[PDB]
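Step one of this worksheet: look at the structure below.
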Amino acid sequence: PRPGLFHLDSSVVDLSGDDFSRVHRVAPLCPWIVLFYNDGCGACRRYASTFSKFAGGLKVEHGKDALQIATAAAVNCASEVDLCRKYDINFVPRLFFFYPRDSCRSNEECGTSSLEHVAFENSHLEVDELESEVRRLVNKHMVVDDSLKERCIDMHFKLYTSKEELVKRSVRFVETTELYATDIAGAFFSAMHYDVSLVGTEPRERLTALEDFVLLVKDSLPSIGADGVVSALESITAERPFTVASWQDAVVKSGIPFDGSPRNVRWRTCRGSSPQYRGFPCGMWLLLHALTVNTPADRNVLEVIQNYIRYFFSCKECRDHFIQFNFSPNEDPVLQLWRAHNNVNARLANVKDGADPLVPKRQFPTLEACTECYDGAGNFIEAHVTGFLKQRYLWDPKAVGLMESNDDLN
Ligand SMILES: Cc1cc2nc3c(=O)[nH]c(=O)nc-3n(C[C@H](O)[C@H](O)[C@H](O)COP(=O)(O)OP(=O)(O)OC[C@H]3O[C@@H](n4cnc5c(N)ncnc54)[C@H](O)[C@@H]3O)c2cc1C
């Protein structure tokens, strides 16, 4: 177990291998600048500083510049011997550029593509020459829609922040069961900042699906910052069309009361044993239940929800299964969504790969949590389950806004 030259540097991804889907599921879609080095190499030790300064510049939160879709990574040839032999690394340092043969386009479904690479002619580049050469290589080798840009920026911020945690803790787990308003807001924020940016507002069906959803969030959940979003949605004209850049600006400016920052969203209820687990998906369920519970009028909540998931949700498999749900008009939406979710819980009960080992899926609510709706001896009582859900998901606008503790800088 060698630390290498980057162990404290959250801007650089340490690679043990060639398969970028093990880094992250979106990684194969994005360009990589890779430093092969040896941790005992003085020249490499000296250059790692330059490489690290450069990587630090791949942290812009909303980039205009296509350089920003790149991410820096490194392979320590002292640890990964087979990998370096595979690339014929003899002398170090060496810079390689990696990129997908074909680029994913906005509303196409990105598939697996062939991993391509380009050895740099000169591996001694200064920071500025590094940016120029990486930008050039990205432009030459890739077609980047705004959606793909968002895809990759989001992906490397997940890694920066996950590694920074490991670094911070380099100086036991218990699930947080209580519902926190801020998770619902994080979900709303991530829905607007990420999911909508990927697909845009076209065609008219999709734009309608989004308008209904945002309109619903605003009227269901006051003081969650949906006002600004509504305004942004209204500002779109054939004259001033949707752009990811202006959309994300308005979204950030809406003042949604999520914890964390636009590129690092803090989950509480939805925090997992590792940051790759739970988070946004867990957040979305919460937002959806809260809407069923807090919805005004005869409002079509289940219909609105399903239209949104259909045109918006960034989980392919999730989107496909949720559309298969036939929601009856009769039964209470709170109960229908509740059954749907537990249905998904059941399917997912035993999955190993991809799952948080320390957060089982159960049938919800559990005995402990609710003994009043969970009674009837050996079965489930759907009488109190409503009361429990309408209690637990009830939205109190003064819950979110209120002093938070600064020591949560930790
Ligand atoms: C619409 C939708 C469809 C999805 N489809 C898939 C899919 O097809 N395949 C897949 O692998 N993943 C799917 N997911 C993601 C997956 O369901 C989980 O969100 C994810 O695996 C993480 O689960 P979790 O352990 O954090 O709890 P989650 O399943 O995300 O639940 C989040 C929180 O909601 C509360 N909750 C749990 N059950 C209920 C309930 N029955 N009623 C009300 N509240 C409840 C709990 O507090 C829980 O912590 C989907 C998510 C959504 C929102």
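All residue names refer to the structure tokens as shown: chains lettered A, B, ... in order, residues numbered from 1 in each chain, ligands numbered from 1 in order.
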
* To do: Find the residues around residue A:281 up to 12 Å (only C-alpha atoms counted), leave out those fewer than 4 positions away in its own chain, and share them as a PyMOL selection string.
  => chain A and resi 183-184+186-188+190-191+195+267+269-272+276-277+285-288+309+313-315+318-319+341

File of the preceding selection, N, CA, C and O atoms, as an mmCIF file, in the first residue's frame:
```
data_model
loop_
_atom_site.group_PDB
_atom_site.id
_atom_site.type_symbol
_atom_site.label_atom_id
_atom_site.label_comp_id
_atom_site.auth_asym_id
_atom_site.auth_seq_id
_atom_site.Cartn_x
_atom_site.Cartn_y
_atom_site.Cartn_z
ATOM 1 N N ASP A 183 -32.319 17.904 2.983
ATOM 2 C CA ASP A 183 -32.141 16.854 1.959
ATOM 3 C C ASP A 183 -33.131 17.032 0.823
ATOM 4 O O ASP A 183 -32.812 16.794 -0.336
ATOM 5 N N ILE A 184 -34.339 17.462 1.171
ATOM 6 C CA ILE A 184 -35.379 17.692 0.190
ATOM 7 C C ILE A 184 -35.006 18.857 -0.700
ATOM 8 O O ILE A 184 -35.316 18.882 -1.893
ATOM 9 N N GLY A 186 -31.800 19.920 -1.203
ATOM 10 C CA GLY A 186 -30.683 19.442 -1.997
ATOM 11 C C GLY A 186 -31.156 18.676 -3.222
ATOM 12 O O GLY A 186 -30.619 18.852 -4.315
ATOM 13 N N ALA A 187 -32.162 17.830 -3.028
ATOM 14 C CA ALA A 187 -32.783 17.084 -4.117
ATOM 15 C C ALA A 187 -33.398 18.033 -5.129
ATOM 16 O O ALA A 187 -33.228 17.858 -6.321
ATOM 17 N N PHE A 188 -34.111 19.050 -4.661
ATOM 18 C CA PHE A 188 -34.725 20.002 -5.580
ATOM 19 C C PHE A 188 -33.613 20.738 -6.315
ATOM 20 O O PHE A 188 -33.630 20.862 -7.537
ATOM 21 N N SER A 190 -30.464 19.764 -6.892
ATOM 22 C CA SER A 190 -29.741 18.864 -7.800
ATOM 23 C C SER A 190 -30.584 18.517 -9.016
ATOM 24 O O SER A 190 -30.050 18.327 -10.105
ATOM 25 N N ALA A 191 -31.901 18.434 -8.822
ATOM 26 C CA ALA A 191 -32.831 18.155 -9.911
ATOM 27 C C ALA A 191 -32.739 19.256 -10.952
ATOM 28 O O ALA A 191 -32.709 18.986 -12.162
ATOM 29 N N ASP A 195 -30.131 17.523 -13.457
ATOM 30 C CA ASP A 195 -31.021 16.785 -14.364
ATOM 31 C C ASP A 195 -31.579 17.597 -15.532
ATOM 32 O O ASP A 195 -31.593 17.118 -16.664
ATOM 33 N N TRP A 267 -25.749 15.869 2.211
ATOM 34 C CA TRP A 267 -26.859 15.005 2.600
ATOM 35 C C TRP A 267 -26.744 14.639 4.073
ATOM 36 O O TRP A 267 -25.644 14.472 4.602
ATOM 37 N N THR A 269 -30.031 12.914 6.009
ATOM 38 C CA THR A 269 -30.848 11.722 5.963
ATOM 39 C C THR A 269 -30.250 10.782 4.928
ATOM 40 O O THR A 269 -30.151 9.584 5.169
ATOM 41 N N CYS A 270 -29.815 11.356 3.802
ATOM 42 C CA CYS A 270 -29.373 10.613 2.612
ATOM 43 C C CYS A 270 -27.879 10.377 2.520
ATOM 44 O O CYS A 270 -27.360 10.010 1.461
ATOM 45 N N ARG A 271 -27.174 10.683 3.594
ATOM 46 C CA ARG A 271 -25.751 10.409 3.643
ATOM 47 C C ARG A 271 -25.545 8.902 3.744
ATOM 48 O O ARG A 271 -26.258 8.231 4.483
ATOM 49 N N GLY A 272 -24.614 8.367 2.957
ATOM 50 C CA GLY A 272 -24.303 6.950 2.986
ATOM 51 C C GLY A 272 -22.984 6.652 3.670
ATOM 52 O O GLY A 272 -22.319 7.565 4.153
ATOM 53 N N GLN A 276 -20.264 7.748 -2.595
ATOM 54 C CA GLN A 276 -20.795 7.216 -3.842
ATOM 55 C C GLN A 276 -22.184 6.608 -3.657
ATOM 56 O O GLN A 276 -22.904 6.388 -4.632
ATOM 57 N N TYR A 277 -22.552 6.345 -2.406
ATOM 58 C CA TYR A 277 -23.840 5.728 -2.073
ATOM 59 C C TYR A 277 -24.923 6.753 -1.743
ATOM 60 O O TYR A 277 -24.632 7.853 -1.285
ATOM 61 N N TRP A 285 -36.705 10.750 -3.700
ATOM 62 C CA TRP A 285 -37.846 10.099 -3.045
ATOM 63 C C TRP A 285 -38.428 11.033 -1.999
ATOM 64 O O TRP A 285 -39.641 11.248 -1.932
ATOM 65 N N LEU A 286 -37.549 11.591 -1.178
ATOM 66 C CA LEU A 286 -37.983 12.497 -0.132
ATOM 67 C C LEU A 286 -38.781 13.647 -0.739
ATOM 68 O O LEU A 286 -39.908 13.906 -0.328
ATOM 69 N N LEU A 287 -38.213 14.326 -1.731
ATOM 70 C CA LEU A 287 -38.924 15.418 -2.393
ATOM 71 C C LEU A 287 -40.297 14.978 -2.920
ATOM 72 O O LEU A 287 -41.289 15.697 -2.763
ATOM 73 N N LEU A 288 -40.353 13.799 -3.534
ATOM 74 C CA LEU A 288 -41.597 13.293 -4.112
ATOM 75 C C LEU A 288 -42.659 12.966 -3.059
ATOM 76 O O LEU A 288 -43.833 13.288 -3.240
ATOM 77 N N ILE A 309 -40.268 12.623 -13.892
ATOM 78 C CA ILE A 309 -39.326 11.518 -13.864
ATOM 79 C C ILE A 309 -39.054 11.049 -15.285
ATOM 80 O O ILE A 309 -37.926 10.725 -15.647
ATOM 81 N N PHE A 313 -35.429 12.692 -14.895
ATOM 82 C CA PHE A 313 -34.558 11.898 -14.034
ATOM 83 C C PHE A 313 -33.382 11.262 -14.775
ATOM 84 O O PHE A 313 -33.565 10.574 -15.775
ATOM 85 N N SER A 314 -32.185 11.460 -14.231
ATOM 86 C CA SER A 314 -30.926 11.058 -14.866
ATOM 87 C C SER A 314 -30.545 9.600 -14.613
ATOM 88 O O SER A 314 -29.428 9.194 -14.907
ATOM 89 N N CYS A 315 -31.435 8.839 -13.989
ATOM 90 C CA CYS A 315 -31.221 7.405 -13.834
ATOM 91 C C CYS A 315 -32.072 6.660 -14.866
ATOM 92 O O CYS A 315 -33.293 6.600 -14.749
ATOM 93 N N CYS A 318 -34.091 3.777 -13.504
ATOM 94 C CA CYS A 318 -35.116 4.312 -12.610
ATOM 95 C C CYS A 318 -36.299 4.850 -13.402
ATOM 96 O O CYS A 318 -37.454 4.551 -13.110
ATOM 97 N N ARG A 319 -35.980 5.659 -14.404
ATOM 98 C CA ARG A 319 -36.953 6.291 -15.281
ATOM 99 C C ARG A 319 -37.825 5.233 -15.954
ATOM 100 O O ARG A 319 -39.043 5.382 -16.087
ATOM 101 N N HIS A 341 -42.747 2.927 -3.672
ATOM 102 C CA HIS A 341 -41.390 3.019 -3.148
ATOM 103 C C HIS A 341 -40.975 1.724 -2.457
ATOM 104 O O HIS A 341 -39.876 1.221 -2.686
#
```

* In stretch 111-151 of chain A, what's alpha helix (DSSP H) per DSSP? Answer as a PyMOL selection string? -> chain A and resi 127-141+146-151

Emit the selected residues as a short mmCIF file (atom, residue, chain, number, x, y, z; two decimals), in the first residue's frame, including N, CA, C and O atoms.
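File written: selection_17.cif
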```
data_model
loop_
_atom_site.label_atom_id
_atom_site.label_comp_id
_atom_site.auth_asym_id
_atom_site.auth_seq_id
_atom_site.Cartn_x
_atom_site.Cartn_y
_atom_site.Cartn_z
N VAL A 127 2.41 24.65 -16.42
CA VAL A 127 0.97 24.74 -16.22
C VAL A 127 0.24 25.32 -17.44
O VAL A 127 -0.70 24.71 -17.94
N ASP A 128 0.69 26.47 -17.93
CA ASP A 128 0.03 27.11 -19.07
C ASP A 128 0.06 26.27 -20.35
O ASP A 128 -0.91 26.26 -21.10
N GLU A 129 1.16 25.58 -20.61
CA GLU A 129 1.27 24.75 -21.80
C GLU A 129 0.40 23.51 -21.61
O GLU A 129 -0.12 22.94 -22.57
N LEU A 130 0.22 23.12 -20.36
CA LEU A 130 -0.60 21.97 -20.02
C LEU A 130 -2.07 22.27 -20.32
O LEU A 130 -2.75 21.50 -21.00
N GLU A 131 -2.56 23.42 -19.84
CA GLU A 131 -3.90 23.84 -20.18
C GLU A 131 -4.11 23.96 -21.70
O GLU A 131 -5.11 23.48 -22.23
N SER A 132 -3.16 24.60 -22.39
CA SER A 132 -3.28 24.82 -23.84
C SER A 132 -3.33 23.51 -24.63
O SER A 132 -4.10 23.37 -25.57
N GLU A 133 -2.51 22.56 -24.23
CA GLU A 133 -2.40 21.29 -24.93
C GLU A 133 -3.60 20.40 -24.61
O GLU A 133 -4.12 19.70 -25.48
N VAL A 134 -4.07 20.44 -23.37
CA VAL A 134 -5.25 19.67 -22.99
C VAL A 134 -6.51 20.22 -23.66
O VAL A 134 -7.30 19.47 -24.23
N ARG A 135 -6.68 21.54 -23.60
CA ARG A 135 -7.77 22.20 -24.32
C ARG A 135 -7.76 21.86 -25.82
O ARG A 135 -8.80 21.55 -26.41
N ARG A 136 -6.58 21.92 -26.44
CA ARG A 136 -6.43 21.59 -27.85
C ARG A 136 -6.86 20.13 -28.10
O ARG A 136 -7.63 19.84 -28.99
N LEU A 137 -6.37 19.23 -27.28
CA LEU A 137 -6.63 17.83 -27.50
C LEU A 137 -8.12 17.53 -27.29
O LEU A 137 -8.68 16.67 -27.97
N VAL A 138 -8.77 18.24 -26.36
CA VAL A 138 -10.19 18.01 -26.12
C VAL A 138 -11.01 18.49 -27.32
O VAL A 138 -11.94 17.81 -27.76
N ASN A 139 -10.64 19.65 -27.84
CA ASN A 139 -11.34 20.23 -28.98
C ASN A 139 -11.18 19.39 -30.24
O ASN A 139 -12.13 19.20 -30.99
N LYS A 140 -9.99 18.85 -30.43
CA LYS A 140 -9.70 18.01 -31.57
C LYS A 140 -10.43 16.69 -31.50
O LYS A 140 -10.95 16.21 -32.49
N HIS A 141 -10.46 16.10 -30.31
CA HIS A 141 -10.94 14.73 -30.18
C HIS A 141 -12.38 14.55 -29.75
O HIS A 141 -12.86 13.42 -29.69
N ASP A 146 -23.24 21.20 -24.03
CA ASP A 146 -23.32 21.69 -22.66
C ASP A 146 -23.67 20.59 -21.67
O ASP A 146 -23.19 20.58 -20.54
N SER A 147 -24.49 19.64 -22.12
CA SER A 147 -24.91 18.52 -21.30
C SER A 147 -23.75 17.62 -20.92
O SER A 147 -23.64 17.17 -19.78
N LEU A 148 -22.89 17.35 -21.90
CA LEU A 148 -21.72 16.53 -21.64
C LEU A 148 -20.75 17.29 -20.72
O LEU A 148 -20.13 16.70 -19.84
N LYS A 149 -20.65 18.60 -20.93
CA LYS A 149 -19.82 19.42 -20.07
C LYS A 149 -20.29 19.28 -18.61
O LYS A 149 -19.50 18.98 -17.72
N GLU A 150 -21.60 19.46 -18.39
CA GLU A 150 -22.19 19.30 -17.07
C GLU A 150 -21.92 17.91 -16.53
O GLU A 150 -21.55 17.74 -15.36
N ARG A 151 -22.07 16.91 -17.39
CA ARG A 151 -21.84 15.52 -17.01
C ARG A 151 -20.46 15.32 -16.40
O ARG A 151 -20.32 14.68 -15.36
#
```

* Determine the nearest neighbour of ligand 1 from the options A:375, A:249, A:61, A:175, counting only C-alpha atoms and all ligand atoms. =>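 Using only C-alpha atoms and all ligand atoms, ligand 1 sits closest to A:175.
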
* Contact residues around residue A:80 with only C-alpha atoms at 8 Å, ignoring same-chain residues under 4 positions, as a list in words ->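 Once the adjacent positions are removed, what remains is residues 16, 17, 75, 76 and 84 of chain A.
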
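For stretch 225-238 of chain A, the non-local neighbours within 7 Å, defined as residues at least 2 positions apart in the same chain or in other chains and counting only C-alpha atoms, are residues 214, 215, 217, 218, 223, 240, 241, 242, 247, 250, 251, 254, 255, 256 and 257 of chain A.
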
File dump, residues just selected, C-alpha atoms, as a compact mmCIF listing (two decimals), in the first residue's frame:
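The resulting file, out-v6.txt, is reproduced below:
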```txt
# COMPACT_ATOMS: atom_id res chain seq x y z
CA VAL A 214 -41.59 23.45 -10.62
CA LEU A 215 -45.01 25.08 -10.30
CA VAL A 217 -42.84 22.51 -5.88
CA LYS A 218 -43.45 26.23 -5.44
CA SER A 223 -39.59 28.90 0.99
CA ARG A 240 -33.86 34.35 -25.08
CA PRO A 241 -33.70 30.52 -25.24
CA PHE A 242 -32.65 28.01 -22.59
CA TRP A 247 -30.30 28.31 -16.23
CA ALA A 250 -30.71 31.47 -12.00
CA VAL A 251 -30.94 28.15 -10.14
CA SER A 254 -32.87 31.20 -6.38
CA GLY A 255 -31.60 30.59 -2.87
CA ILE A 256 -32.71 27.01 -2.45
CA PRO A 257 -31.96 26.17 1.20
```

* To do: Choose the residue, out of A:48, A:323, A:67, A:284, that has the smallest atom-to-atom separation from residue A:94; count only C-alpha atoms.
  =>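 That would be A:48, the residue with the smallest distance to residue A:94.
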
* **Interatomic distance (Å, one decimal) between atom CA of residue A:393 and atom CA of residue A:179** =>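 Between atom CA of residue A:393 and atom CA of residue A:179 the gap is 7.9 Å.
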
* Structure fact -> Separating atom CA of residue A:27 from atom CA of residue A:109, to the nearest tenth of an Å, is a gap of 14.8 Å

* To do: Excluding residue A:404 and any residue of its chain fewer than 6 positions from it, enumerate the residues within 12 Å of it, using only C-alpha atoms, and give them as a ChimeraX atom specification.
  => /A:182,257-260

Go ahead and write the residues just picked, N, CA, C and O atoms, as a PDB file, in the first residue's frame.
```
ATOM      1  N   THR A 182     -33.359  19.935   4.677  1.00  0.00           N
ATOM      2  CA  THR A 182     -32.273  20.251   3.752  1.00  0.00           C
ATOM      3  C   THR A 182     -31.989  19.163   2.703  1.00  0.00           C
ATOM      4  O   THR A 182     -31.479  19.470   1.635  1.00  0.00           O
ATOM      5  N   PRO A 257     -32.668  26.320  -0.081  1.00  0.00           N
ATOM      6  CA  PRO A 257     -31.961  26.173   1.200  1.00  0.00           C
ATOM      7  C   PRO A 257     -31.312  24.801   1.403  1.00  0.00           C
ATOM      8  O   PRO A 257     -31.533  24.121   2.414  1.00  0.00           O
ATOM      9  N   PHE A 258     -30.494  24.395   0.441  1.00  0.00           N
ATOM     10  CA  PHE A 258     -29.718  23.169   0.595  1.00  0.00           C
ATOM     11  C   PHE A 258     -28.417  23.458   1.367  1.00  0.00           C
ATOM     12  O   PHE A 258     -27.926  24.570   1.341  1.00  0.00           O
ATOM     13  N   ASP A 259     -27.928  22.478   2.122  1.00  0.00           N
ATOM     14  CA  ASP A 259     -26.627  22.549   2.780  1.00  0.00           C
ATOM     15  C   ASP A 259     -25.486  22.146   1.823  1.00  0.00           C
ATOM     16  O   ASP A 259     -25.698  21.357   0.905  1.00  0.00           O
ATOM     17  N   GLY A 260     -24.278  22.660   2.058  1.00  0.00           N
ATOM     18  CA  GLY A 260     -23.146  22.400   1.179  1.00  0.00           C
ATOM     19  C   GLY A 260     -23.041  23.501   0.125  1.00  0.00           C
ATOM     20  O   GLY A 260     -23.544  24.608   0.331  1.00  0.00           O
TER      21      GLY A 260
END
```

* Best match for closeness to ligand 1 among A:407, A:116, A:178, A:211, counting only C-alpha atoms and all ligand atoms -> A:178

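Secondary structure by DSSP on the backbone puts the following residues of stretch 61-187 of chain A in strand (DSSP E or B): residues 71, 72, 73, 74, 75, 76, 94, 95, 96, 97, 98, 99, 100, 115, 116, 117, 118 and 119 of chain A.
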
With N, CA, C and O atoms retained, write the just-selected residues as a PDB file, in the first residue's frame.
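Listed below is the output, again_15.pdb:
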```
ATOM      1  N   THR A  71     -10.208  15.925 -16.481  1.00  0.00           N
ATOM      2  CA  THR A  71      -9.751  15.785 -15.111  1.00  0.00           C
ATOM      3  C   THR A  71      -8.376  15.131 -15.028  1.00  0.00           C
ATOM      4  O   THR A  71      -7.996  14.346 -15.904  1.00  0.00           O
ATOM      5  N   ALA A  72      -7.600  15.533 -14.022  1.00  0.00           N
ATOM      6  CA  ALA A  72      -6.228  15.045 -13.863  1.00  0.00           C
ATOM      7  C   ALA A  72      -6.239  13.748 -13.066  1.00  0.00           C
ATOM      8  O   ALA A  72      -7.058  13.563 -12.165  1.00  0.00           O
ATOM      9  N   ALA A  73      -5.336  12.852 -13.428  1.00  0.00           N
ATOM     10  CA  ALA A  73      -5.190  11.562 -12.787  1.00  0.00           C
ATOM     11  C   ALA A  73      -3.733  11.141 -12.872  1.00  0.00           C
ATOM     12  O   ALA A  73      -2.944  11.718 -13.618  1.00  0.00           O
ATOM     13  N   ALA A  74      -3.374  10.148 -12.079  1.00  0.00           N
ATOM     14  CA  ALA A  74      -1.996   9.726 -12.009  1.00  0.00           C
ATOM     15  C   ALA A  74      -1.897   8.236 -11.708  1.00  0.00           C
ATOM     16  O   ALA A  74      -2.750   7.657 -11.034  1.00  0.00           O
ATOM     17  N   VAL A  75      -0.846   7.619 -12.224  1.00  0.00           N
ATOM     18  CA  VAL A  75      -0.612   6.204 -12.025  1.00  0.00           C
ATOM     19  C   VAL A  75       0.767   6.045 -11.422  1.00  0.00           C
ATOM     20  O   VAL A  75       1.765   6.394 -12.068  1.00  0.00           O
ATOM     21  N   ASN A  76       0.842   5.469 -10.223  1.00  0.00           N
ATOM     22  CA  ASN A  76       2.133   5.296  -9.582  1.00  0.00           C
ATOM     23  C   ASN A  76       2.704   3.954 -10.003  1.00  0.00           C
ATOM     24  O   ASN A  76       2.288   2.893  -9.535  1.00  0.00           O
ATOM     25  N   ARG A  94       5.591  10.488 -17.667  1.00  0.00           N
ATOM     26  CA  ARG A  94       4.976  10.484 -19.004  1.00  0.00           C
ATOM     27  C   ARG A  94       3.526  10.914 -18.858  1.00  0.00           C
ATOM     28  O   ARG A  94       2.822  10.421 -17.966  1.00  0.00           O
ATOM     29  N   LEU A  95       3.088  11.795 -19.758  1.00  0.00           N
ATOM     30  CA  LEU A  95       1.718  12.266 -19.837  1.00  0.00           C
ATOM     31  C   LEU A  95       0.961  11.565 -20.969  1.00  0.00           C
ATOM     32  O   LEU A  95       1.422  11.521 -22.117  1.00  0.00           O
ATOM     33  N   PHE A  96      -0.211  11.031 -20.643  1.00  0.00           N
ATOM     34  CA  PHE A  96      -1.092  10.435 -21.644  1.00  0.00           C
ATOM     35  C   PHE A  96      -2.430  11.171 -21.611  1.00  0.00           C
ATOM     36  O   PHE A  96      -2.896  11.583 -20.544  1.00  0.00           O
ATOM     37  N   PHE A  97      -3.028  11.356 -22.782  1.00  0.00           N
ATOM     38  CA  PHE A  97      -4.366  11.916 -22.897  1.00  0.00           C
ATOM     39  C   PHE A  97      -5.335  10.786 -23.234  1.00  0.00           C
ATOM     40  O   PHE A  97      -5.102  10.043 -24.177  1.00  0.00           O
ATOM     41  N   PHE A  98      -6.408  10.646 -22.459  1.00  0.00           N
ATOM     42  CA  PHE A  98      -7.424   9.638 -22.744  1.00  0.00           C
ATOM     43  C   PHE A  98      -8.744  10.306 -23.109  1.00  0.00           C
ATOM     44  O   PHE A  98      -9.038  11.395 -22.637  1.00  0.00           O
ATOM     45  N   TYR A  99      -9.567   9.619 -23.900  1.00  0.00           N
ATOM     46  CA  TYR A  99     -10.800  10.197 -24.445  1.00  0.00           C
ATOM     47  C   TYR A  99     -11.621   9.116 -25.139  1.00  0.00           C
ATOM     48  O   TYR A  99     -11.072   8.123 -25.621  1.00  0.00           O
ATOM     49  N   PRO A 100     -12.950   9.279 -25.145  1.00  0.00           N
ATOM     50  CA  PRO A 100     -13.809   8.278 -25.788  1.00  0.00           C
ATOM     51  C   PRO A 100     -13.755   8.435 -27.299  1.00  0.00           C
ATOM     52  O   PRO A 100     -13.731   9.568 -27.780  1.00  0.00           O
ATOM     53  N   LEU A 115     -11.958   3.228 -25.563  1.00  0.00           N
ATOM     54  CA  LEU A 115     -11.010   4.106 -24.883  1.00  0.00           C
ATOM     55  C   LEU A 115      -9.845   4.403 -25.808  1.00  0.00           C
ATOM     56  O   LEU A 115      -9.158   3.492 -26.280  1.00  0.00           O
ATOM     57  N   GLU A 116      -9.620   5.681 -26.071  1.00  0.00           N
ATOM     58  CA  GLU A 116      -8.554   6.076 -26.971  1.00  0.00           C
ATOM     59  C   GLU A 116      -7.512   6.814 -26.177  1.00  0.00           C
ATOM     60  O   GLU A 116      -7.819   7.375 -25.119  1.00  0.00           O
ATOM     61  N   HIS A 117      -6.273   6.811 -26.652  1.00  0.00           N
ATOM     62  CA  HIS A 117      -5.272   7.605 -25.943  1.00  0.00           C
ATOM     63  C   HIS A 117      -4.196   8.192 -26.834  1.00  0.00           C
ATOM     64  O   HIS A 117      -3.984   7.742 -27.953  1.00  0.00           O
ATOM     65  N   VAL A 118      -3.562   9.242 -26.340  1.00  0.00           N
ATOM     66  CA  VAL A 118      -2.538   9.955 -27.075  1.00  0.00           C
ATOM     67  C   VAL A 118      -1.403  10.210 -26.097  1.00  0.00           C
ATOM     68  O   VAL A 118      -1.601  10.895 -25.085  1.00  0.00           O
ATOM     69  N   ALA A 119      -0.223   9.668 -26.386  1.00  0.00           N
ATOM     70  CA  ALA A 119       0.951   9.974 -25.596  1.00  0.00           C
ATOM     71  C   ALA A 119       1.315  11.407 -25.919  1.00  0.00           C
ATOM     72  O   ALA A 119       1.211  11.803 -27.063  1.00  0.00           O
TER      73      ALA A 119
END
```

* Which residue, A:337, A:302, A:293, A:244, has the smallest gap to residue A:394 when you use only C-alpha atoms? ->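 Using only C-alpha atoms, residue A:394 sits closest to A:293.
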
* Rounded to one decimal in Å, what is the spacing between atom CA of residue A:26 and atom CA of residue A:49? -> 27.4 Å

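Each of A:53, A:152, A:93, A:224 was checked against residue A:399 using only C-alpha atoms; the smallest atom-to-atom distance is that of A:224.
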